[PDB]
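One structure below.
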Amino acid sequence: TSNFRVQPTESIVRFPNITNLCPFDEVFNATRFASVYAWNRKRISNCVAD
Amino acid sequence: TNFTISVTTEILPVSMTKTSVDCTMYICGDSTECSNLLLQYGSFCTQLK
Ligand SMILES: *[C@@H]1O[C@H](CO)[C@@H](O[C@@H]2O[C@H](CO)[C@@H](O)[C@H](O)[C@H]2NC(C)=O)[C@H](O)[C@H]1NC(C)=O
Ligand SMILES: *[C@@H]1O[C@H](CO)[C@@H](O)[C@H](O)[C@H]1NC(C)=O
Ligand SMILES: *[C@@H]1O[C@H](CO)[C@@H](O)[C@H](O)[C@H]1NC(C)=O
């Protein structure tokens, strides 16, 4: 007829805790912006997705 | 004028190992949305079983 399966009880979460804050203000509300032909590329890493 | 009692061997297969599979678990797993989507597709894996 069917198959016998079990059900989960609680959820377990484990994530890498890089809680060093992400300065998105200097990239979003920046005083100076680059042009289309020469766009500035910054490799943002090791921060939070706030 | 003479005879030889020779012995020959013949090998013939009979059957194999019986295999039974299920669609809702092997195709996707424990997802409820997959089962809901498969319920509207008919009874293909029922016919396979
Ligand atoms: C028919 O062939 C068999 C062998 O295939 C012969 O048996 C041999 O006989 C000699 C002498 O009697 C023995 O030294 C051998 O050891 C025997 N062979 C085996 C395998 O045992 C038999 O003699 C033959 N028959 C005739 C009438 O010649
Ligand atoms: C990450 O580190 C912080 C403090 O350093 C801690 O409170 C948190 O539990 C850690 N996250 C883990 C272990 O998953
Ligand atoms: C610029 O961005 C910052 C980011 O925190 C925000 O606080 C501020 O209101 C924005 N505008 C001005 C005019 O500074």
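Each chain in the structure tokens gets a letter, A, B, ..., in the order shown, and its residues are numbered from 1; ligands are numbered from 1 in order too.
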
**Message:** Give me, as a PyMOL selection string, the residues of chain B touching chain A, with the criterion being at most 10 Å (counting only C-alpha atoms).
**Reply:** chain B and resi 22+24-25+30+46+49

**Asked** Which residues come within 12 Å of residue 45 of chain A, counting only C-alpha atoms, excluding same-chain residues fewer than 5 positions away, as a list in words?
**Response**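 Once the nearby chain positions are removed, what remains is residues 18, 19, 20, 21, 22, 23 and 24 of chain A.
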
Just N, CA, C and O atoms for this one: save the residues we selected as an mmCIF file, in the first residue's frame.
```cif
data_model
loop_
_atom_site.group_PDB
_atom_site.id
_atom_site.type_symbol
_atom_site.label_atom_id
_atom_site.label_comp_id
_atom_site.auth_asym_id
_atom_site.auth_seq_id
_atom_site.Cartn_x
_atom_site.Cartn_y
_atom_site.Cartn_z
ATOM 1 N N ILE A 18 29.727 34.836 11.277
ATOM 2 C CA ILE A 18 30.509 36.025 10.956
ATOM 3 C C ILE A 18 29.671 37.247 11.311
ATOM 4 O O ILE A 18 29.037 37.856 10.443
ATOM 5 N N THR A 19 29.653 37.600 12.594
ATOM 6 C CA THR A 19 28.904 38.761 13.079
ATOM 7 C C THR A 19 29.807 39.975 13.281
ATOM 8 O O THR A 19 29.891 40.531 14.376
ATOM 9 N N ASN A 20 30.490 40.399 12.222
ATOM 10 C CA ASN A 20 31.396 41.537 12.294
ATOM 11 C C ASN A 20 30.798 42.812 11.710
ATOM 12 O O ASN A 20 31.528 43.795 11.546
ATOM 13 N N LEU A 21 29.499 42.794 11.375
ATOM 14 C CA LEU A 21 28.730 43.903 10.806
ATOM 15 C C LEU A 21 29.189 44.225 9.385
ATOM 16 O O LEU A 21 30.367 44.070 9.045
ATOM 17 N N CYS A 22 28.266 44.674 8.543
ATOM 18 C CA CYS A 22 28.577 44.944 7.140
ATOM 19 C C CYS A 22 28.365 46.416 6.834
ATOM 20 O O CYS A 22 27.214 46.892 6.858
ATOM 21 N N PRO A 23 29.423 47.175 6.545
ATOM 22 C CA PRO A 23 29.247 48.601 6.239
ATOM 23 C C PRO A 23 28.630 48.819 4.868
ATOM 24 O O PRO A 23 29.337 49.103 3.897
ATOM 25 N N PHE A 24 27.308 48.678 4.776
ATOM 26 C CA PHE A 24 26.605 48.941 3.529
ATOM 27 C C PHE A 24 26.358 50.425 3.297
ATOM 28 O O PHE A 24 25.920 50.800 2.205
#
```

**Asked** In Å, how far is it from atom 24 (C, counted along the ligand's line) of ligand 1 to atom CA of residue 10 of chain B?
**Response**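 Calculated distance between atom 24 (C, counted along the ligand's line) of ligand 1 and atom CA of residue 10 of chain B is 27.8 Å.
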
**Item:** Test item, alpha helix (DSSP H) assignment across chain B, answer as a PyMOL selection string
**Value:** chain B and resi 23+32-39+44-48

For the residues in the current selection, export N, CA, C and O atoms as a PDB file, in the first residue's frame.
```
ATOM      1  N   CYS B  23       7.834   6.195  -5.787  1.00  0.00           N
ATOM      2  CA  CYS B  23       8.024   7.460  -6.489  1.00  0.00           C
ATOM      3  C   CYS B  23       8.202   8.619  -5.513  1.00  0.00           C
ATOM      4  O   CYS B  23       9.179   9.372  -5.603  1.00  0.00           O
ATOM      5  N   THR B  32       6.600  17.766   1.166  1.00  0.00           N
ATOM      6  CA  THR B  32       5.146  17.670   1.070  1.00  0.00           C
ATOM      7  C   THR B  32       4.633  18.307  -0.213  1.00  0.00           C
ATOM      8  O   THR B  32       3.643  17.842  -0.793  1.00  0.00           O
ATOM      9  N   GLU B  33       5.286  19.381  -0.667  1.00  0.00           N
ATOM     10  CA  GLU B  33       4.890  20.024  -1.917  1.00  0.00           C
ATOM     11  C   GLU B  33       5.115  19.109  -3.113  1.00  0.00           C
ATOM     12  O   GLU B  33       4.320  19.125  -4.061  1.00  0.00           O
ATOM     13  N   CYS B  34       6.184  18.308  -3.088  1.00  0.00           N
ATOM     14  CA  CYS B  34       6.405  17.332  -4.149  1.00  0.00           C
ATOM     15  C   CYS B  34       5.292  16.294  -4.188  1.00  0.00           C
ATOM     16  O   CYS B  34       4.819  15.921  -5.267  1.00  0.00           O
ATOM     17  N   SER B  35       4.860  15.815  -3.018  1.00  0.00           N
ATOM     18  CA  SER B  35       3.754  14.862  -2.967  1.00  0.00           C
ATOM     19  C   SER B  35       2.456  15.494  -3.456  1.00  0.00           C
ATOM     20  O   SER B  35       1.674  14.849  -4.165  1.00  0.00           O
ATOM     21  N   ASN B  36       2.214  16.756  -3.090  1.00  0.00           N
ATOM     22  CA  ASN B  36       1.016  17.452  -3.554  1.00  0.00           C
ATOM     23  C   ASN B  36       1.026  17.623  -5.068  1.00  0.00           C
ATOM     24  O   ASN B  36      -0.011  17.475  -5.724  1.00  0.00           O
ATOM     25  N   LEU B  37       2.188  17.943  -5.642  1.00  0.00           N
ATOM     26  CA  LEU B  37       2.286  18.079  -7.092  1.00  0.00           C
ATOM     27  C   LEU B  37       2.156  16.729  -7.788  1.00  0.00           C
ATOM     28  O   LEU B  37       1.585  16.642  -8.881  1.00  0.00           O
ATOM     29  N   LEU B  38       2.683  15.666  -7.174  1.00  0.00           N
ATOM     30  CA  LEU B  38       2.620  14.345  -7.791  1.00  0.00           C
ATOM     31  C   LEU B  38       1.223  13.747  -7.701  1.00  0.00           C
ATOM     32  O   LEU B  38       0.860  12.901  -8.527  1.00  0.00           O
ATOM     33  N   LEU B  39       0.429  14.165  -6.711  1.00  0.00           N
ATOM     34  CA  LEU B  39      -0.923  13.636  -6.572  1.00  0.00           C
ATOM     35  C   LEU B  39      -1.820  14.040  -7.735  1.00  0.00           C
ATOM     36  O   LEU B  39      -2.750  13.304  -8.082  1.00  0.00           O
ATOM     37  N   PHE B  44       1.112   7.147 -12.083  1.00  0.00           N
ATOM     38  CA  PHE B  44       2.197   6.556 -12.858  1.00  0.00           C
ATOM     39  C   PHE B  44       3.031   5.601 -12.010  1.00  0.00           C
ATOM     40  O   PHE B  44       3.269   4.450 -12.400  1.00  0.00           O
ATOM     41  N   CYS B  45       3.474   6.056 -10.835  1.00  0.00           N
ATOM     42  CA  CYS B  45       4.290   5.202  -9.984  1.00  0.00           C
ATOM     43  C   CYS B  45       3.482   4.082  -9.344  1.00  0.00           C
ATOM     44  O   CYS B  45       4.056   3.051  -8.995  1.00  0.00           O
ATOM     45  N   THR B  46       2.164   4.253  -9.198  1.00  0.00           N
ATOM     46  CA  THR B  46       1.322   3.130  -8.798  1.00  0.00           C
ATOM     47  C   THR B  46       1.337   2.031  -9.855  1.00  0.00           C
ATOM     48  O   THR B  46       1.432   0.842  -9.530  1.00  0.00           O
ATOM     49  N   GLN B  47       1.255   2.417 -11.133  1.00  0.00           N
ATOM     50  CA  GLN B  47       1.361   1.443 -12.216  1.00  0.00           C
ATOM     51  C   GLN B  47       2.747   0.807 -12.249  1.00  0.00           C
ATOM     52  O   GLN B  47       2.881  -0.390 -12.526  1.00  0.00           O
ATOM     53  N   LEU B  48       3.788   1.596 -11.965  1.00  0.00           N
ATOM     54  CA  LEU B  48       5.138   1.042 -11.907  1.00  0.00           C
ATOM     55  C   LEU B  48       5.276   0.031 -10.772  1.00  0.00           C
ATOM     56  O   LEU B  48       5.912  -1.017 -10.940  1.00  0.00           O
TER      57      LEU B  48
END
```

**Message:** Taking only C-alpha atoms and all ligand atoms and a cut-off of 9 Å, can you tell me which residues surround ligand 1, written as an MDAnalysis selection string?
**Reply:** chainID B and resid 1:5

**Request:** List all protein, DNA and RNA residues that have at least one atom no more than 7 Å from any atom of ligand 2, counting only C-alpha atoms and all ligand atoms, and write them as number ranges by chain.
**Result:** A: 14-17

Would you mind exporting N, CA and C atoms of the selected residues as a tab-separated table (two decimals), in the first residue's frame?
```tsv
chain	number	residue	atom	x	y	z
A	14	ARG	N	22.45	25.62	12.31
A	14	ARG	CA	23.87	25.88	12.52
A	14	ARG	C	24.40	26.63	11.31
A	15	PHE	N	24.93	27.83	11.55
A	15	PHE	CA	25.40	28.71	10.49
A	15	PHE	C	26.74	29.30	10.91
A	16	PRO	N	27.61	29.65	9.96
A	16	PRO	CA	28.88	30.29	10.34
A	16	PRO	C	28.64	31.71	10.85
A	17	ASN	N	29.10	31.96	12.07
A	17	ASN	CA	28.79	33.20	12.79
A	17	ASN	C	29.83	34.27	12.48
```

**Request:** Using only C-alpha atoms and all ligand atoms, find each residue with an atom at most 8 Å away from ligand 3 and format the answer as a ChimeraX atom specification.
**Result:** /A:24-26,28-30

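In this structure, atom CA of residue 42 of chain A sits 9.0 Å away from atom CA of residue 27 of chain A.
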
**Request:** Find the distance between atom CA of residue 48 of chain A and atom CA of residue 34 of chain A and write it in Å to one decimal.
**Result:** 24.4 Å
